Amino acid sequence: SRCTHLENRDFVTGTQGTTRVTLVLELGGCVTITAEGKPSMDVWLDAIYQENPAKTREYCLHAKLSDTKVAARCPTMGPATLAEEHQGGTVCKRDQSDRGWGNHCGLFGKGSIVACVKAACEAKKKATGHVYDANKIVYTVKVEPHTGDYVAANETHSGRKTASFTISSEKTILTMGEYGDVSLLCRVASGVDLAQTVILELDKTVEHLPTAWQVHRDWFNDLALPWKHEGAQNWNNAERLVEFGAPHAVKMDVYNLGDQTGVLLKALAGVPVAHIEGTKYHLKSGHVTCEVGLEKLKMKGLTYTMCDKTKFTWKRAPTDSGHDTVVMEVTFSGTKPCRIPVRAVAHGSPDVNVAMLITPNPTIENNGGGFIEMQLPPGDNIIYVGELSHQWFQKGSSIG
């Protein structure tokens, strides 16, 4: 099962009477719910996303400079102008230059000098943003029976059910097929102002980079780059990527400040890299709180025959699950369907079953079936799947 493989796997084992269970589901983790007389379900937060979020401002990583003009006046001849100063598509610098007879001035002294350049952006050199809205986010919670039954014929996950919630629609009932019904009441807890969360992307170039990053809107708005709203004619703060040279008598050179990709990516080291799946923009981190209702969950294959004790084989012998439980898979040569006779005993006590089953009524189906998961006390145990045995030593405490 997908859940058995995760580092962040939590267990919730209800009592004979428990019908409501409160859970925090984090992105990238899972929870295995076990309830007596009920099957085990794997519940997990699959995604927190918004489709088509509002675009923020866009930034310029590399300025395209052009049509540089320099105007100069002589000492006491007033100031030098260029119309480009009261224009938005430009960057300008007023300075003074040393003037004299050998550069057409009747006076030796400082004279006015102005240089202007036309600032735009290079093709594919923008950093774009999208901001979230709590009113528009969607969060997907998945439920699947913990049986380890996969349809490796059409590569389909059997019994997997998806519940989609919004801030308004935050209640659901999922029908787990022949296992009955599970109710979920999930409240999203962002902890972070979604309206203050930005997803940042960079226009694709030849180099291979992460998809996007999840940044705080505070920070994103403080980037020292020219910016604009998609549709705007010119870039605001275009002067951030320009450097003016020392003025000569009537000439003053205008230089570029380089490609800021490296600068930005240095800042983004240690920032969580986020995913985009078409129109779906994903929050890299978050969690949700559910009240899981198990009352309508029924045990599958109760009236099935018990599997013949001698028809078992080890498909996968007892191994540590990585969560202080033992996992295994059996192959049953006999006639299907049927209930597996599984138990475990601690050395010295043949008559006492010590197996606290995570898969409560293991059955061999005419399709899948055969996976058993159990919690065993520390020490030397023997695991029995009918007459089929295997010794297991259980490590003390937890290595977590």
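All residue numbers are counted from 1 along the displayed sequence.
Of the two segments examined, 357-365 and 55-63, it is 357-365 that shows the higher average Cα temperature factor in the deposited entry. When 177-185 is weighed against 250-258, 177-185 comes out higher, by mean CA B-factor as recorded in the entry.
By the numbers in the PDB entry, the CA B factor is greatest at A80 among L223, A80, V143, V326. Residue set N237, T197, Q87, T166: peak C-alpha B-factor at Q87 (per PDB entry).
Among the modelled residues of its chain, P272 has a C-alpha B-factor that falls in the highest third according to the deposited record. Annotation for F108: C-alpha temperature factor in the middle third relative to the rest of the modelled chain, per the entry. When all modelled residues of the chain are sorted by CA temperature factor, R343 is found within the lowest third. Ranked by C-alpha B-factor against the other modelled residues of its chain, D133 falls in the lowest third. The entry lists a Cα temperature factor for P318 that places it in the middle third of the chain's modelled residues.
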